[PDB]
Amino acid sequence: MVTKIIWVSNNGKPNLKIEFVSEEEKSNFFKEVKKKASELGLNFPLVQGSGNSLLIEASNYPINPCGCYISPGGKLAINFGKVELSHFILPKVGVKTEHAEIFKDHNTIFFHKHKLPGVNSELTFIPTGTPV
């Protein structure tokens, strides 16, 4: 699974750092998402972070709408270019209504301030049904 995501800042630009339980899940996620993106004719800025992490870089609007931006309310927002890439990525990340504003035919999600308030804020996913 995706174990954790982070709002980071890099060269004064918002990123989403995505962490994976392992290097193999990271690599596969990288190849699958990139492929789905290019099939949809999108250049989605997902790049290598580390052994077990990737980054979604900032959007370059209006030229390249794909990537992270700060919305006028100060939320981290991620434009996925097309509704189909959103549909593809979100479940694999585990991102849901409790995490973000996600809209029917929209291509952009908005993280709740009470969930990711600012730079270096973290959301950790822990597997459901696990001993507690």
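Numbers follow the displayed sequence, beginning with 1.
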Quick one: higher average CA temperature factor, 101-109 or 84-92? 101-109
Comparing against every modelled residue in the chain, figure out the third that the C-alpha B-factor of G51 lands in (lowest, middle or highest). highest
CA B-factor placement of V119, once the chain's modelled residues are sorted into thirds: highest
Per the entry's values, where does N79 land by CA temperature factor relative to the rest of its chain, in the lowest, middle or highest third? lowest
CA B-factor placement of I5, once the chain's modelled residues are sorted into thirds: lowest
Using the B-factors in the PDB entry, rank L40's C-alpha atom against the chain and give the third, lowest, middle or highest. middle
